[PDB]
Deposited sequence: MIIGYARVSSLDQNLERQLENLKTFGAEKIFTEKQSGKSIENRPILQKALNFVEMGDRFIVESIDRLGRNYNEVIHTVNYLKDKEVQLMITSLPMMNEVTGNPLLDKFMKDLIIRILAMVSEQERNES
């Protein structure tokens, strides 16, 4: 199935749009956090899709973010970013696709951190 994750840290953020975004792309359940992430990650099983609106939601730590993406990779859970649909197949050569996946994810992690 399709699992969703949403985070906002402070007491003034447009959480609705986010949750509605996760809903938009097919999130049947959504883990919202203001360990919830842990729950989210331990919940997902092989064959599921794990979705966020953006990597910054997932974290703002290069190392950790990468570690988490690798965790999902290990568990064979499809990671998707609602702001990066089609991110999987940019070209049609799965190898290049994988490489680009990595790049994008890393550019984004770095951005998320540096902010």
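> If you line up the deposited sequence with the model, which stretches have no C-alpha coordinates?
Several stretches lack coordinates - namely 35 to 43, 125 to 128, in sequence order.
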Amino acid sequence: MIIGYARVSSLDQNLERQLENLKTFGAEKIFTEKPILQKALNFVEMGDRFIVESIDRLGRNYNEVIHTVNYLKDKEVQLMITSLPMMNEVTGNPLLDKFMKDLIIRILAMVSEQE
From here on, numbers count along this sequence of modelled residues.
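> With respect to the recorded C-alpha B factors, which stretch has the higher mean value, 99 to 107 or 13 to 21?
That would be 13 to 21.
> Report the third (lowest, middle or highest) to which the CA temperature factor of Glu53 belongs, ranking only the modelled residues of the same chain.
Its C-alpha B-factor, which the entry lists for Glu53, ranks in the lowest third among residues of this chain.
> Determine, from the deposited record, the chain-internal third of the Cα B-factor for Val90: lowest, middle or highest.
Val90: CA B-factor falls in the middle third of its chain.
> Taking the C-alpha B-factors as the PDB entry records them, is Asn63 in the lowest, middle or highest third of its chain?
It belongs to the middle third of the chain when residues are ordered by C-alpha B-factor.
> Check where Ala40 lands among this chain's C-alpha B-factors and tell me if it's the lowest, middle or highest third.
It belongs to the highest third of the chain when residues are ordered by C-alpha B-factor.
> Quick one: classify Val69 as lowest, middle or highest third of the chain based on its Cα B-factor.
Ranked within chain, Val69 CA B lands in the lowest tercile.
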